[PDB]
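> Contents are PDB, C-alpha atoms; file name run-v7.pdb:
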ATOM      1  CA  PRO B   2       0.000   0.000   0.000
ATOM      2  CA  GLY B   3       1.572   3.213  -1.258
ATOM      3  CA  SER B   4       4.215   3.602  -3.905
ATOM      4  CA  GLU B   5       6.283   0.842  -5.449
ATOM      5  CA  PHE B   6       9.554   1.065  -7.363
ATOM      6  CA  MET B   7       9.065   0.870 -11.151
ATOM      7  CA  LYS B   8      11.091  -2.085 -12.425
ATOM      8  CA  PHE B   9      12.002  -2.114 -16.107
ATOM      9  CA  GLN B  10      13.238  -5.210 -17.880
ATOM     10  CA  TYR B  11      15.241  -2.938 -20.187
ATOM     11  CA  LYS B  12      17.312  -1.940 -17.119
ATOM     12  CA  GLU B  13      17.683  -5.559 -15.963
ATOM     13  CA  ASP B  14      18.771  -6.725 -19.426
ATOM     14  CA  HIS B  15      21.353  -4.021 -20.216
ATOM     15  CA  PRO B  16      24.125  -2.569 -17.993
ATOM     16  CA  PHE B  17      23.943   1.164 -17.272
ATOM     17  CA  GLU B  18      26.898   1.954 -19.495
ATOM     18  CA  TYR B  19      25.297   0.161 -22.457
ATOM     19  CA  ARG B  20      22.063   2.097 -21.926
ATOM     20  CA  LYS B  21      23.875   5.420 -21.607
ATOM     21  CA  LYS B  22      25.802   4.852 -24.893
ATOM     22  CA  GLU B  23      22.553   4.136 -26.702
ATOM     23  CA  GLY B  24      20.685   7.053 -25.133
ATOM     24  CA  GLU B  25      23.479   9.450 -26.049
ATOM     25  CA  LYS B  26      23.913   8.070 -29.586
ATOM     26  CA  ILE B  27      20.159   8.446 -30.186
ATOM     27  CA  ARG B  28      20.079  12.029 -28.908
ATOM     28  CA  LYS B  29      23.049  12.885 -31.125
ATOM     29  CA  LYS B  30      21.786  11.107 -34.256
ATOM     30  CA  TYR B  31      18.093  12.162 -33.939
ATOM     31  CA  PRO B  32      17.972  15.504 -32.081
ATOM     32  CA  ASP B  33      14.256  15.915 -32.813
ATOM     33  CA  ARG B  34      13.385  12.582 -31.141
ATOM     34  CA  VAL B  35      13.509  11.243 -27.594
ATOM     35  CA  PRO B  36      14.262   7.585 -26.722
ATOM     36  CA  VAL B  37      11.510   5.983 -24.657
ATOM     37  CA  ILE B  38      11.168   2.568 -22.990
ATOM     38  CA  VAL B  39       7.552   1.394 -22.654
ATOM     39  CA  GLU B  40       6.738  -1.664 -20.488
ATOM     40  CA  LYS B  41       3.857  -3.047 -18.446
ATOM     41  CA  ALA B  42       3.308  -2.429 -14.746
ATOM     42  CA  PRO B  43       2.971  -5.419 -12.396
ATOM     43  CA  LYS B  44      -0.424  -6.969 -11.546
ATOM     44  CA  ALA B  45      -1.915  -5.659 -14.816
ATOM     45  CA  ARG B  46      -3.319  -8.359 -17.112
ATOM     46  CA  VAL B  47      -2.310  -6.528 -20.300
ATOM     47  CA  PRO B  48      -0.144  -7.519 -23.292
ATOM     48  CA  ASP B  49       3.455  -6.702 -23.800
ATOM     49  CA  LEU B  50       3.993  -4.460 -26.777
ATOM     50  CA  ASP B  51       5.760  -6.045 -29.737
ATOM     51  CA  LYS B  52       8.758  -3.872 -28.801
ATOM     52  CA  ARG B  53       9.659  -1.745 -25.822
ATOM     53  CA  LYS B  54      12.131   0.821 -27.273
ATOM     54  CA  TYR B  55      10.669   3.824 -29.146
ATOM     55  CA  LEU B  56      12.182   6.911 -30.767
ATOM     56  CA  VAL B  57       9.437   9.494 -30.355
ATOM     57  CA  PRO B  58       9.193  12.939 -32.014
ATOM     58  CA  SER B  59       9.862  15.556 -29.325
ATOM     59  CA  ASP B  60       6.756  17.558 -30.270
ATOM     60  CA  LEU B  61       4.322  14.634 -30.079
ATOM     61  CA  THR B  62       1.998  15.275 -27.156
ATOM     62  CA  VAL B  63       1.534  12.800 -24.344
ATOM     63  CA  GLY B  64      -2.110  12.513 -25.391
ATOM     64  CA  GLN B  65      -1.051  11.570 -28.913
ATOM     65  CA  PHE B  66       1.574   9.118 -27.654
ATOM     66  CA  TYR B  67      -1.106   7.464 -25.542
ATOM     67  CA  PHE B  68      -3.310   7.124 -28.663
ATOM     68  CA  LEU B  69      -0.513   5.391 -30.576
ATOM     69  CA  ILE B  70       0.483   3.029 -27.775
ATOM     70  CA  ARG B  71      -3.113   2.198 -26.898
ATOM     71  CA  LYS B  72      -3.707   1.377 -30.558
ATOM     72  CA  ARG B  73      -0.491  -0.659 -30.763
ATOM     73  CA  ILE B  74      -1.291  -2.663 -27.635
ATOM     74  CA  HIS B  75      -3.603  -5.636 -28.103
ATOM     75  CA  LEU B  76      -6.544  -4.471 -25.970
ATOM     76  CA  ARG B  77     -10.364  -4.426 -26.125
ATOM     77  CA  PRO B  78     -12.148  -1.046 -26.371
ATOM     78  CA  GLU B  79     -13.502  -1.505 -22.822
ATOM     79  CA  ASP B  80     -10.044  -2.012 -21.291
ATOM     80  CA  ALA B  81      -8.718   0.840 -19.173
ATOM     81  CA  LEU B  82      -5.167   2.014 -19.621
ATOM     82  CA  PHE B  83      -2.956   4.529 -17.783
ATOM     83  CA  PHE B  84       0.653   5.729 -18.273
ATOM     84  CA  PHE B  85       3.131   6.306 -15.428
ATOM     85  CA  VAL B  86       6.425   8.195 -15.525
ATOM     86  CA  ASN B  87       8.267   8.276 -12.182
ATOM     87  CA  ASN B  88       5.120   6.938 -10.490
ATOM     88  CA  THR B  89       2.879   9.709 -11.776
ATOM     89  CA  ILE B  90       0.426  10.026 -14.672
ATOM     90  CA  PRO B  91       1.919  12.539 -17.116
ATOM     91  CA  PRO B  92      -0.014  15.582 -18.357
ATOM     92  CA  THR B  93      -1.993  14.963 -21.557
ATOM     93  CA  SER B  94      -0.987  18.319 -23.020
ATOM     94  CA  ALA B  95       2.748  17.972 -22.326
ATOM     95  CA  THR B  96       5.045  17.223 -25.215
ATOM     96  CA  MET B  97       7.101  14.054 -25.103
ATOM     97  CA  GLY B  98      10.165  16.328 -25.352
ATOM     98  CA  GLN B  99       9.204  18.209 -22.169
ATOM     99  CA  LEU B 100       8.315  14.984 -20.379
ATOM    100  CA  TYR B 101      11.679  13.539 -21.445
ATOM    101  CA  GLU B 102      13.628  16.617 -20.336
ATOM    102  CA  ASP B 103      12.108  16.534 -16.834
ATOM    103  CA  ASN B 104      11.962  12.753 -16.328
ATOM    104  CA  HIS B 105      14.744  10.944 -18.198
ATOM    105  CA  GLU B 106      17.188   8.973 -16.051
ATOM    106  CA  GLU B 107      20.990   9.167 -16.025
ATOM    107  CA  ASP B 108      21.155   6.899 -19.112
ATOM    108  CA  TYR B 109      19.214   9.552 -21.109
ATOM    109  CA  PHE B 110      16.209   7.259 -21.534
ATOM    110  CA  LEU B 111      12.651   8.132 -20.582
ATOM    111  CA  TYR B 112      10.791   5.247 -18.926
ATOM    112  CA  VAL B 113       7.010   4.826 -19.276
ATOM    113  CA  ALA B 114       4.951   2.044 -17.734
ATOM    114  CA  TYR B 115       1.322   1.198 -18.469
ATOM    115  CA  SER B 116      -1.393  -0.456 -16.390
ATOM    116  CA  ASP B 117      -5.144  -0.962 -16.270
ATOM    117  CA  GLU B 118      -4.968   0.597 -12.786
ATOM    118  CA  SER B 119      -4.539   4.277 -11.975
ATOM    119  CA  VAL B 120      -1.698   3.778  -9.459
ATOM    120  CA  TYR B 121       1.517   2.030 -10.571
ATOM    121  CA  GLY B 122       1.723  -1.514  -9.206
ATOM    122  CA  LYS B 123      -1.870  -1.801  -7.968
TER     123      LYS B 123
END
Would you mind giving the structure from this file in structure tokens?

Amino acid sequence: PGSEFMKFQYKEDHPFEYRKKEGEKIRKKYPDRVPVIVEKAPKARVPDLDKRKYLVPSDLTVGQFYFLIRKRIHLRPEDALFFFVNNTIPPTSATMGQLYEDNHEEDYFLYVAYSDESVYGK
């Protein structure tokens, strides 16, 4: 009850220095995009996406990114879905670039989890 640490398989599978090289290479090669890892939250009976690493246009809004991911995920129209970045639901009107700037980790990746619940891990 309360918060829970967001675990990402991408961080389990790749050492920090590997992730930081990739994050920096991406930011150098595609300055108008932000690298984003998208994985499921625990206890949610939802699909994995076909892939977890995304290069997102910086000016795409969070609302638009939600549209694309919700369409990509294999879910029924009645299924609820919420995004979490650093344990909080991001603003719909934010750009992915702003969200990235404020929330990316030391490896220069932004981490997004999704769940059918409105609190991460519940």
> Expanded to explicit residues, what is the PyMOL selection byres ((chain B and resi 89) around 10) for this file, as a JSON list (two decimals) with C-alpha atoms, in the frame of the given file?

[["chain", "number", "residue", "atom", "x", "y", "z"],
["B", 83, "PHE", "CA", -2.96, 4.53, -17.78],
["B", 84, "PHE", "CA", 0.65, 5.73, -18.27],
["B", 85, "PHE", "CA", 3.13, 6.31, -15.43],
["B", 86, "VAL", "CA", 6.42, 8.20, -15.52],
["B", 87, "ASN", "CA", 8.27, 8.28, -12.18],
["B", 88, "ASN", "CA", 5.12, 6.94, -10.49],
["B", 90, "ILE", "CA", 0.43, 10.03, -14.67],
["B", 91, "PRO", "CA", 1.92, 12.54, -17.12],
["B", 92, "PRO", "CA", -0.01, 15.58, -18.36],
["B", 113, "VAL", "CA", 7.01, 4.83, -19.28],
["B", 114, "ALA", "CA", 4.95, 2.04, -17.73],
["B", 119, "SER", "CA", -4.54, 4.28, -11.98],
["B", 120, "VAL", "CA", -1.70, 3.78, -9.46],
["B", 121, "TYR", "CA", 1.52, 2.03, -10.57]]
> Which residues of segment 5-29 of chain B come within 8 Å of segment 36-57 of chain B, and what is each one's closest atom pair and distance in Å (one decimal), counting all atoms listed in the file, sorted by chain and residue number, as a Markdown table?

| residue | atom | partner | partner_atom | distance |
| --- | --- | --- | --- | --- |
| B:7 | CA | B:42 | CA | 7.5 |
| B:9 | CA | B:40 | CA | 6.9 |
| B:10 | CA | B:40 | CA | 7.9 |
| B:11 | CA | B:38 | CA | 7.4 |
| B:24 | CA | B:36 | CA | 6.6 |
| B:27 | CA | B:36 | CA | 6.9 |
| B:28 | CA | B:36 | CA | 7.6 |
> Using only C-alpha atoms, which of the listed residues (B:107, B:61, B:33, B:97) sits closest to residue 17 of chain B?
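Looking at the shortest contact to residue 17 of chain B, the residue is B:107.
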> Name every residue that the PyMOL selection byres ((chain B and resi 5) around 9) selects in this structure, writing the answer as a ChimeraX atom specification with chains first and numbers rising.
/B:2-4,6-8,88,121-123
> For residue 99 of chain B, which residue out of B:59, B:81, B:72, B:64 is the nearest one, using all atoms listed in the file?
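Looking at the shortest contact to residue 99 of chain B, the residue is B:59.
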> Please rebuild segment 98-118 of chain B with N, CA, C and O atoms and give the result as a CSV table (one decimal), in the coordinates of the input.

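part.csv was written with the following content:
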chain,number,residue,atom,x,y,z
B,98,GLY,N,8.9,15.7,-25.6
B,98,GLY,CA,10.2,16.3,-25.4
B,98,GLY,C,10.3,16.9,-24.0
B,98,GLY,O,11.3,16.8,-23.3
B,99,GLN,N,9.2,17.6,-23.5
B,99,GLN,CA,9.2,18.2,-22.2
B,99,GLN,C,9.2,17.1,-21.1
B,99,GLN,O,9.9,17.2,-20.1
B,100,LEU,N,8.4,16.1,-21.3
B,100,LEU,CA,8.3,15.0,-20.4
B,100,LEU,C,9.7,14.3,-20.3
B,100,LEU,O,10.1,14.0,-19.2
B,101,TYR,N,10.3,14.1,-21.4
B,101,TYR,CA,11.7,13.5,-21.4
B,101,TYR,C,12.6,14.4,-20.6
B,101,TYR,O,13.3,13.9,-19.8
B,102,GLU,N,12.7,15.7,-21.0
B,102,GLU,CA,13.6,16.6,-20.3
B,102,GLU,C,13.6,16.5,-18.8
B,102,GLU,O,14.6,16.4,-18.1
B,103,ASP,N,12.3,16.5,-18.3
B,103,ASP,CA,12.1,16.5,-16.8
B,103,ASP,C,12.3,15.2,-16.2
B,103,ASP,O,12.5,15.1,-15.0
B,104,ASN,N,12.1,14.1,-16.9
B,104,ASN,CA,12.0,12.8,-16.3
B,104,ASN,C,13.0,11.7,-16.8
B,104,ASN,O,13.0,10.6,-16.1
B,105,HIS,N,13.8,12.0,-17.8
B,105,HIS,CA,14.7,10.9,-18.2
B,105,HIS,C,15.8,10.7,-17.1
B,105,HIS,O,16.1,11.5,-16.3
B,106,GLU,N,16.2,9.4,-17.1
B,106,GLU,CA,17.2,9.0,-16.1
B,106,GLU,C,18.6,9.3,-16.5
B,106,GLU,O,18.8,10.0,-17.5
B,107,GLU,N,19.6,8.8,-15.7
B,107,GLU,CA,21.0,9.2,-16.0
B,107,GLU,C,21.5,8.5,-17.3
B,107,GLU,O,22.4,9.0,-17.9
B,108,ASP,N,20.8,7.5,-17.8
B,108,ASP,CA,21.2,6.9,-19.1
B,108,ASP,C,20.5,7.6,-20.3
B,108,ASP,O,20.6,7.1,-21.4
B,109,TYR,N,19.9,8.7,-20.1
B,109,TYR,CA,19.2,9.6,-21.1
B,109,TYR,C,18.1,8.8,-21.8
B,109,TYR,O,17.8,9.1,-23.0
B,110,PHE,N,17.5,7.9,-21.1
B,110,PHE,CA,16.2,7.3,-21.5
B,110,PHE,C,15.1,7.8,-20.7
B,110,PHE,O,15.2,8.0,-19.5
B,111,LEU,N,13.9,7.9,-21.3
B,111,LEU,CA,12.7,8.1,-20.6
B,111,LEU,C,11.9,6.8,-20.4
B,111,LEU,O,11.8,6.0,-21.4
B,112,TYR,N,11.4,6.5,-19.2
B,112,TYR,CA,10.8,5.2,-18.9
B,112,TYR,C,9.3,5.4,-18.6
B,112,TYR,O,8.9,6.2,-17.8
B,113,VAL,N,8.5,4.7,-19.4
B,113,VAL,CA,7.0,4.8,-19.3
B,113,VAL,C,6.5,3.4,-19.0
B,113,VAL,O,6.8,2.5,-19.7
B,114,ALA,N,5.6,3.3,-18.0
B,114,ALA,CA,5.0,2.0,-17.7
B,114,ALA,C,3.5,2.2,-17.9
B,114,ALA,O,2.9,3.3,-17.8
B,115,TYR,N,2.8,1.1,-18.3
B,115,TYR,CA,1.3,1.2,-18.5
B,115,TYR,C,0.6,0.1,-17.6
B,115,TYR,O,1.2,-0.9,-17.4
B,116,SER,N,-0.6,0.4,-17.2
B,116,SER,CA,-1.4,-0.5,-16.4
B,116,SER,C,-2.9,-0.2,-16.6
B,116,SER,O,-3.3,0.9,-17.1
B,117,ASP,N,-3.7,-1.2,-16.3
B,117,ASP,CA,-5.1,-1.0,-16.3
B,117,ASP,C,-5.6,-0.2,-15.0
B,117,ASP,O,-6.7,0.3,-14.9
B,118,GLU,N,-4.7,-0.2,-14.0
B,118,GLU,CA,-5.0,0.6,-12.8
B,118,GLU,C,-4.4,2.0,-12.9
B,118,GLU,O,-3.5,2.3,-13.7
